[PDB]
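Two versions of one and the same chain are coming, encoded as structure tokens; call them structure 1 and structure 2.
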Structure 1
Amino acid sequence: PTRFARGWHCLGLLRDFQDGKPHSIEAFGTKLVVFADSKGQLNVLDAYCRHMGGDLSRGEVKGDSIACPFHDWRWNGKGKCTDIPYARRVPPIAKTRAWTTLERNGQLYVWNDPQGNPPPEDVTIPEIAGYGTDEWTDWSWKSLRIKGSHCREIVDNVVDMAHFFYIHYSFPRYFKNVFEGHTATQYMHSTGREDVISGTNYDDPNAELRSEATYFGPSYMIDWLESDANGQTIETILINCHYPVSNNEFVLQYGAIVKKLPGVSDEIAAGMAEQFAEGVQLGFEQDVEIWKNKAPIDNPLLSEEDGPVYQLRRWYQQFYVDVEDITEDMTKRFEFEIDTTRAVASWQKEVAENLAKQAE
């Protein structure tokens, strides 16, 4: 009916699944069950039992298999029926759909592919250096649902230079995109507007914000943020990721970790990190207010100061065709820098005009 993106998708944080009860996720137009085996590893299958349609997510784990609450059949992490407890044997074709998993960076990922193939080794989610380490906090994480929109409308932001001023209240002084293979990257530097105070990580006019944000596949973005304040620089890592529930609904997730400042107690270091982590969340929530309130546009009208929207969408298209049909122009290295001079000039004028009105 409706085609979902081939790639890694994060279903949430490991710590929310290791408990070791089963969990339901509505995703990819169906329902999924997540459960830990006896060795604590996570498994993902279609939630609905292939016997008579019982809900495996409402079952319990027994050994290394999930047990259906209707007639107690047992399904393992590869989708195989390991036992029908009241029958001599298992019909030889007792198999359901199993999703390949990846546990990394304190998160759970599943591989989706309509063609039914496994993830190739060169398509993965990178290890975030610093995670699982006293130096860095643990994820502050949040989640919501957006309806009436596509996943792609989030991805469109990769190339959106102008919204940094209007939505994040900052001047994007450097802005560059690089699309290559199965990744899409935004590099940008900003300083905060003097005519606005809102407690985000974009706020400070005295600090330069340096951002490198990359989609590792269609659904998962890691944004490395450095805020140079005084001599010292605050390092954070923001995750922006999504997965489709249906053709018309998706889950959007975002989380932050902050690097602890050294030569200070834990009480104070962990308290200030949390303080900055909230600022990052608030920045992200500025995008959310737009994303919850906007129509899709297949044929956007573009200005000379727009980022490379059509090339971004071309790159993204690779994840919605069969791998044999992916073309060179989708995956070949493409880069584009916007000279932000004109925009910043317009913006600095406007901000000066505001500041003049603020006093007199």
Structure 2
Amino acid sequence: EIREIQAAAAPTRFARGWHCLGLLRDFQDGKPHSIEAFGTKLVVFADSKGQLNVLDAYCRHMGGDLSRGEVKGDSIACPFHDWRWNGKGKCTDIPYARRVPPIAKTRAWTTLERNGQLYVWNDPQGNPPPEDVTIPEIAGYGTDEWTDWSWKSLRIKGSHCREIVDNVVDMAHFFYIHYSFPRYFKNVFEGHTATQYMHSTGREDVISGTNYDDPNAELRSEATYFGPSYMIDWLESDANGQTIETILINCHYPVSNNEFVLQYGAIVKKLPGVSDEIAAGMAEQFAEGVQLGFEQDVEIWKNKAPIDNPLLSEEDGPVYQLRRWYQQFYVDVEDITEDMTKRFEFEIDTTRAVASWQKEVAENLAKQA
């Protein structure tokens, strides 16, 4: 009769897939950069041609942190004894010795530079990514007609990253936590992707930058995880008689199985006749509206319990199917089963919820008399 919460320990294994480490522009300063991810530490640095390299951060000589070193030429120089390591992981020079042991080779991670971002491939099995597991090129990025990224990040301590992934099915929380108003909500999972289609409006009683200065903006969203960690969200807003195109990133990487970094950011297509500056300000506003919602999630996650047996209502999204899909990335590729990857679609009938949320928004308006 009393329902109890069940929760297994978070896996120690990290998701197999592409993970965005951040913006190319932040990494292309010619300095080394430290990334604590997947239970270890990595070093990111640009070579003299500007290509980004990602190595295990721990120097194979005496364990020094390469990310606290310095770039010299096309090699990263260790701060402890200045050995030089290139983008292939090869030690290219021990500056105080004649020869280099041939076995001096560390791990260079597989990278992708795309969409103004740096992605790395994680796989505990150690295989390269298949050609068909990739990150889509966002068509508009880098054209004159779109802004650069307004980009933000948040460090979440005390939660496993499944907590963020669960949101792809959580229609109700976009009302309570993101202060939007969902009207249509549909999920489709298939292969290594998970998609949410939503149509929402702003709420009258709460003001958010995501509405682009129209409290009743309709927003059409197609949001897809391409693998375990990286979502692209294509949005179109009808705000004050205009149609605005926004592309929002929602992504993360695990620091450990109890800590992750959440990065999110927006580009906006320049409306006819608006300057670069005005468009950049629309991107920034949209990103700040997203921030508000994510900071609320952070408070939810900070205080909540993990739960493997959530009790779902009739108006809930397909959490269990999402989780079964997500599990593919935590088993060897050989152990993947059809029920993880088979096409699964579910649409929530929102008519109940909309009735209720309208009453709520209305009597929160009456709340001025």
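Definition used throughout: the rigid core is the maximal C-alpha set that superposes within 1.5 Å between two forms. Please note that residue numbering is based on structure 1, beginning with 1 at the start of its sequence.
> So which one of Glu180, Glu127, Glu103, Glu274 actually moves, Cα shift of 2 Å or more between structure 1 and structure 2 once the core is superposed?
Replying inline: C-alpha shift of at least 2 Å: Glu274.
- Once the two forms are fit on the core, has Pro118 moved its CA by at least 2 Å between structure 1 and structure 2? After core superposition, the displacement of the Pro118 C-alpha between structure 1 and structure 2 stays below 2 Å, so no.
Quiz prompt | Large Cα shift (2 Å or above) at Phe284 between structure 1 and structure 2, core-fitted | solution = Shift of 2 Å or more: yes.
Quiz item: Comparing between structure 1 and structure 2 on the rigid core: C-alpha of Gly192 shifted by 2 Å or more?
Solution: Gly192 C-alpha, core-superposed: shift of 2 Å or more.
In Å, how large is the C-alpha displacement of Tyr202 between structure 1 and structure 2 after the rigid core is aligned? So the C-alpha of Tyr202 has moved 8.3 Å between structure 1 and structure 2.
Item to complete: Superpose the two forms on the rigid core, then give the C-alpha shift of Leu42 between structure 1 and structure 2 in Å.
Response: After core superposition, the C-alpha of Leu42 moves 0.6 Å between structure 1 and structure 2.
- Query: Taking the rigid core as the frame, how far in Å does the Cα of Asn293 move between structure 1 and structure 2?
  - Reply: Its C-alpha shift, to one decimal, is 4.0 Å.
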